[PDB]
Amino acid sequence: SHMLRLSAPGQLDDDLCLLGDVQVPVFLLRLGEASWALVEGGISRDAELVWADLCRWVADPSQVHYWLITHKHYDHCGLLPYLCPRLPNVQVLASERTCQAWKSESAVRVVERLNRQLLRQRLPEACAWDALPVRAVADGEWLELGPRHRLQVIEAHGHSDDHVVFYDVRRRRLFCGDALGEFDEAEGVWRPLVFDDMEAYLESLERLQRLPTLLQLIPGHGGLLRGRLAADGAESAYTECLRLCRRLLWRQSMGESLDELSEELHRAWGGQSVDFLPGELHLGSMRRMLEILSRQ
């Protein structure tokens, strides 16, 4: 209900729709009269929901030509095996390390296990992960998606070691995945998601702050941010991460164990993701983040 946060399914801009669940959304870009792209790859159990929404906008799904992926986490690529078979002309665009994850039997195994925990139903017939129609893309690569859509790949490691963002400079629009963290709907601030490397996470935010002023900021969860939330997004995310480090140091300096802020963080932050993230995994991830901050 905040005017700066668009969090409803359907049309978001002249060229853009939100498909599926706002908390794990798939974004639809209209590239031309007969060309479309998807951005973010969701959770597996949403295959039929997202497919249903897609077909309400796109009369012929063979016109879906690209599918852009920020990182390899199970909640950002779980749909790929289940929907790519229904998209004969789609090319999945992911970073090198993200593509490597789909060639790893053990990595794919974790992804499938996490996604099956979210099943209420049984999944569509899936192609193999290693058989996905992928094309690796590089840091700085320009994605000429259509006559009015040129997006630059920008490496944004720290949340995960493969993470990238996509920047539409015509629209000052950044698809930032989880590199800024989890947007707090009740409080209007970023919650950090430092799950791989704090130093890389903070350096990505420094670089993203140097982009031309954002008009639209589109993370991996929660919808589209605009106004000052977009303009100040990368900076605020940086600030909130330092705020979490200071908090961690304060408590450790009082002899607290990492388990204590972990439980408080899980209590205070675990509610937002309970529909796509098992509660033990949220607590575990909070523990892992504090471990990462504590070292670095």
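All residue numbers are counted from 1 along the displayed sequence.
The deposited sequence places 1 to 3 unmodelled residues between residue 120 and residue 121.
Taking the PDB entry as given, 103-111 carries the higher mean Cα B factor of the two stretches 167-175 and 103-111.
Stretches compared: 183-191, 84-92. Higher mean C-alpha B-factor in the entry: 84-92. Looking at 126, 217, 198, 156, the one whose CA carries the top B-factor in the deposited record is 126. Listed residues 260, 235, 40, 46 were ranked by CA B-factor as deposited; 260 comes out on top.
Among the modelled residues of its chain, residue 264 has a C-alpha B-factor that falls in the highest third according to the deposited record.
In the PDB entry, residue 73 places in the middle third of its chain by CA B-factor. Among all modelled residues in this chain, the alpha-carbon of residue 286 has a temperature factor (C-alpha) in the middle third. Residue 131 sits in the highest third of its chain by CA B factor, as recorded in the PDB entry. When all modelled residues of the chain are sorted by CA temperature factor, residue 248 is found within the highest third.
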